[PDB]
Amino acid sequence: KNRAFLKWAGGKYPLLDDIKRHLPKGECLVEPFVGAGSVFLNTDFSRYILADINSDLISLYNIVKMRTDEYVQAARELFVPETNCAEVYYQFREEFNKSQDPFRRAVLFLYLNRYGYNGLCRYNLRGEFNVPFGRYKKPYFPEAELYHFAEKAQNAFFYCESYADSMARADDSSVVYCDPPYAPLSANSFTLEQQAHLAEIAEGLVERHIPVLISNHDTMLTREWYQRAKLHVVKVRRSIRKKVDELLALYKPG
DNA sequence: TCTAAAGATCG
DNA sequence: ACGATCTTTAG
Ligand SMILES: Nc1ncnc2c1ncn2[C@@H]1O[C@H](C[C@@H](N)CC[C@H](N)C(=O)O)[C@@H](O)[C@H]1O
C-alpha cells in the first residue's frame with residue numbers, strides 16, 4: 001500500500017481492493033481524471049497516459065520527475081517551526097500569485113497544500129489562489145513519498161487537456177478508468193450535460209474492443225446513465241441524514 | 001455548508 | 001440617474 005504526497009478531494013485510497021477486483025489486464029492504462037494518483041501508485045502496468053484540467057498540477061508533476069534532487073532540498077527549507085504563523089502564510093500566498101517562474105511556483109504549491117485550511121484547492125475568476133490559513137499543530141514533510149513517485153513516473157507521459165481529447169489517445173492495447181466529480185444528491189462546475197456525454201463516449205470505445213471502468217455514487221440518475229453496463233454495489237453507508245452507497249460500472253466487449 | 005460587502009444585468 | 005434581484009469574493 002503506497003501513499004500520495006498531496007491532500008486531495010475524492011481520493012480513492014480506501015476503495016482500492018474493490019477497484020482491483022474488476023479492472024481488466026493489458027499493456028497500457030489511461031486516466032482522464034488523474035488527481036493525486038492513488039490508482040497509478042498501486043497497480044503494475046508497463047505504460048501509463050495521465051491527464052487533468054488543472055495546469056498548476058500537471059506542471060508540478062513534470063518538475064518532480066526531471067529535477068528530483070534539486071526539488072527536494074529546496075522544499076525542505078519551508079517546513080520549519082518559524083513558518084507556522086498567519087502573517088508569514090499570507091505573504092507566501094502573495095509571492096506565488098505574482099511569480100512567473102515554474103520551478104519557484106512548484107516549490108510554494110506544496111507548502112500551501114499542507115498548511116492551508118482543511119487542505120482545500122480554490123481560485124477566483126482571475127486565476128488567483130485564495131484559501132485562508134489552517135492552524136494545524138505539526139505538519140508532515142512527505143520525503144519518502146516524493147522519491148517513490150519520481151521512480152514510477154519514468155514510464156509515464158503527462159497532459160493538460162479535457163476528457164474527450166485524452167480518451168481519443170487510446171488504441172487496441174489499452175484499458176481506461178474514469179473517476180469524475182460526484183453527482184448531486186438534490187436540486188460553473190461539472191454539469192449534468194457533461195455527466196451524460198461521458199457515458200456516450202464509453203459506449204463507442206467498447207464497440208472497438210476497448211474496455212472501460214467507471215465510479216460514482218449510487219443514485220437514480222447514475223443507474224440510468226450507465227444502463228448498458230454491468231453494475232456492482234459497494235456498501236459504505238456514510239451518514240449525511242441518510243446513508244449512501246457507492247457504485248462501479250463495467251463495459252466489456254465480446 | 002455559512003454570510004456581510006462589492007460588482008453585474010435588465011426594463 | 002433609478003431600483004429589484006442575482007453573482008462573485010474570501011475569511
Ligand atoms: N473536464 C474535466 N476534464 C478532465 N478533468 C477534470 C475535468 N473537470 C474536473 N477535472 C478533474 O477531475 C478530478 C476529480 C478527482 N475526484 C479525481 C480523484 C483521483 N481519483 C485521486 O485518486 O486523487 C479533479 O482533479 C479535477 O481537476
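All heavy atoms count here, side chains included; hydrogens, waters and symmetry mates do not. Residue numbers start from 1 in every chain, and the chains themselves are labelled A, B, ... in the order their sequence lines are given, proteins ahead of strands.
Taking the six-membered ring where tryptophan is involved, the planes of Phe109(A) and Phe96(A) are tilted, since the angle between them lies from 30° to 60°.
With hydrogens and angles ignored, a donor-acceptor pair closer than 3.5 Å exists between the side chain of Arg122(A) and the base of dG11(C).
Checking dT8(C), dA10(C), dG11(C) against the side-chain heavy atoms of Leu125(A) singles out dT8(C) as nearest.
Rounding to whole angstrom units, CG of residue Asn124(A) and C1' of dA5(B) are separated by 16 Å. For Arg126(A) and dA10(C), the CZ to P distance is 7 Å, given to the nearest whole Å. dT1(B) atom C1' lies 12 Å from atom CG of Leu120(A), rounded to whole Å. The OH atom of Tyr117(A) sits 10 Å away from the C1' atom of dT1(B) (whole-angstrom rounding). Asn118(A) places its CG atom 19 Å from the P atom of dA10(C), with the value rounded to the nearest Å. Remark: P of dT8(C) and OH of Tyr123(A) are 18 Å apart, rounded to the nearest angstrom. When the P atom of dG11(C) is taken as reference, atom CZ of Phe133(A) falls 13 Å away, rounded to whole Å.
Close to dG11(C), at under 4.0 Å from its OP1 or OP2, lies no side-chain N or O of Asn130(A). In this model, the phosphate group of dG11(C) is approached by a side-chain N or O of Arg93(A) to a distance below 4.0 Å at OP1 or OP2.
Judged by the 6.0 Å and 45° rule, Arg3(A) forms a cation-pi pair with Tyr13(A).
At least one side-chain heavy atom of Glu70(A) sits under 4.5 Å from a side-chain heavy atom of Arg67(A).
Aromatic rings from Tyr90(A) and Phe133(A) are positioned such that their centres are separated by 6.0 Å or more.
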